[PDB]
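This document opens with one chain alone, in C-alpha cells, the form deposited in one PDB entry.
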C-alpha cells in the first residue's frame, strides 16, 4: 500500500513509453477484440490478468505483465494501454485476440527448463502467399526440433487423463480451456512439492496436438548467506563446510527444486543450534530460462 503517481495530465491515453515511478491502477479492463466484448470481473478468465484495481506497478512490471500474456500461447495478439485519470491513477486496458485452434486428439507435455523460451516473435507479413506457406513450414520444423530436444516432464498419467477428458468434452480448444488446463497441471506440481514449477507456454504448431511447455524449477545455483548478529551479512569462513554437510543431495545444482529437500535441510541445520534464523529461499536466476537459485539464509544467535 505504498503508492505514487504522476499522470501525463490529464484524461489522455498512453501506449507504454514512460516513467521511473510506481503507478496506481484504479481499474483493469480485459477486452476480447474478436468478440468485441469485455471480460467481466466475475468471469474468472479475468485472473489471467494479474494486475489488480488499487495496486501499484512500475513500467517494467506492466511490461512484464504484457510479456507474459503474449508468450503464454493463448493469444495471437495482446496489447496493454493506459488512460490517465484526472487524478491520480490510471486505468489500464488489456485487449487480446485468442489464438486460433482446431480439434486436438493429443496432449503433450515437454520440459523446456534451461532452454530458449518460446517468444511469440511472429515475423514479417506480406510476404506474399507462397513465401508465407514456406515460412510456416520453417516454424513447424523448428518446433519438431524443439520437442525432441526437450526433456520428459514429471507429470503422471492420471493428470493426462483428466486433461484429455477435459479436452475431449469441448471438442475445440479455446483460451478458457487452456487456463483450466494450466491451473490443473500447475496444481499437480505444486501439490507434489515443486514450488517453482510453471507452465510457460502452449504450442499449437503440431496438427491436432496441444503442446504444453513447462519448467519444473531446475536449480542452477546454491548460495549460502551468513548473518551475524543483530545485525547481518559476514562470511562463514569456518562455518560454510558445516552447513554444506547438512544439505541434502537434492538441493545441489542439477536437481529439480522440491520443498521437501528444503525442509530436510532446515531440520538438519536447526539441529546444530548455531542459528537464530534459517531460511531456504528459491528464486529465479539470471537466464530467465526457468533456472532456480537456492539461497540458504542463516542468522547467528546471541
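The term rigid core refers to the maximal set of C-alpha atoms that superpose within 1.5 Å between the two forms. Residue numbers count along the first chain shown, from 1.
Asks: Comparing 43 to 51 with 266 to 274, where is the mean C-alpha B-factor higher?
Replies: Per the PDB entry, the higher value belongs to 43 to 51.
Asks: Do the CA atoms of 81 to 89 or those of 198 to 206 have the higher mean B-factor in the entry?
Replies: Result of the comparison: 81 to 89.
Asks: Per the entry, which of 68, 253, 258, 237 tops the list for Cα B factor?
Replies: Spelled out: the listed residue with the top C-alpha B-factor is 237.
Asks: Say you rank 111, 186, 225, 100 by Cα B-factor from the PDB entry; which sits at the top?
Replies: Spelled out: the listed residue with the top C-alpha B-factor is 100.
Asks: Ordered by C-alpha B-factor within the chain, which third holds residue 284? Give me lowest, middle or highest, please.
Replies: For residue 284, the deposited C-alpha B-factor lands in the middle third.
Asks: Lowest, middle or highest third of the chain for the C-alpha temperature factor of residue 142?
Replies: According to the entry, residue 142 has a C-alpha B-factor in the chain's middle third.
Asks: Split the chain's modelled residues into thirds by Cα B-factor; is residue 158 in the lowest, middle or highest one?
Replies: As the PDB entry reports it, the C-alpha B-factor of residue 158 lands in the middle third of its chain.
Asks: Place residue 247 in the lowest, middle or highest third of its chain's C-alpha B-factors, as listed in the PDB entry.
Replies: CA B-factor rank for residue 247: lowest third.
Asks: By its CA B factor, does residue 8 count among the lowest, middle or highest third of the modelled residues in the chain?
Replies: For residue 8, the deposited C-alpha B-factor lands in the highest third.
Not pictured, yet referred to below: the form deposited in another entry.
Asks: Rigid core as reference, CA moved 2 Å or more between this form and the one not shown - which of 207, 170, 232, 186?
Replies: Among the listed residues, the one whose C-alpha moves by 2 Å or more is 232.
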